[PDB]
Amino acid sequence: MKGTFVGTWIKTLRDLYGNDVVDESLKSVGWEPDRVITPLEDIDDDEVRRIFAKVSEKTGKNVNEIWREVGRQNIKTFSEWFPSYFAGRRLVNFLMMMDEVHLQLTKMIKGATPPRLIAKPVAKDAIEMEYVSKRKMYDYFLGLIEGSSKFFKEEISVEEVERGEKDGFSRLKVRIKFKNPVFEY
């Protein structure tokens, strides 16, 4: 994962559970206590999993809920970096463009494997969206949907339809229902 993102996640872990919890977990993975996470460096996905695991211990909270909260909080940070993706958009159109955005933002990186996030309308007030990735970050994905609903102030309900791994690709399909209709007739 790009260090940009991992560093963002660490700050949220710090902001949520405290410098003590985080600093102890960054040492159990061998990180120097003075490490500066540059943008372009790529941090190993399993090192991040270890970090999140230690924080789950040192807090008693389930690591899925930690990932969910990190997801909810990350949307705000993305609006700081990419305000054009948020400007003038409604929630449903933001969600439907995420698949394309993740392609556009990784296509200059050799060997990038961005998650697929295809969304399609299934009713006047609902869409389906399917996460597809080697990385199996189900709760991060769910948390980002929830954070998007809070950012845009459009309430939704999320129904999980299917989850599972095929080969190495994890897949999670959800049905997102908007409390008000989002389509026109």
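Quick note: we count residues from 1 along the sequence shown, nothing fancier.
- Judged by mean Cα B factor in the deposited record, 53-61 ranks above the other of 53-61 and 151-159.
- In this entry, the higher average B-factor at the C-alpha atoms falls on 23-31, of the pair 23-31 and 133-141.
- Of the candidates 41, 125, 146, 128, it is 41 whose Cα B-factor is highest according to the PDB record.
- Per the PDB record, residue ranking by Cα B-factor puts residue 173 in the lowest third of the chain.
- When all modelled residues of the chain are sorted by CA temperature factor, residue 66 is found within the middle third.
- Annotation for residue 48: C-alpha temperature factor in the middle third relative to the rest of the modelled chain, per the entry.
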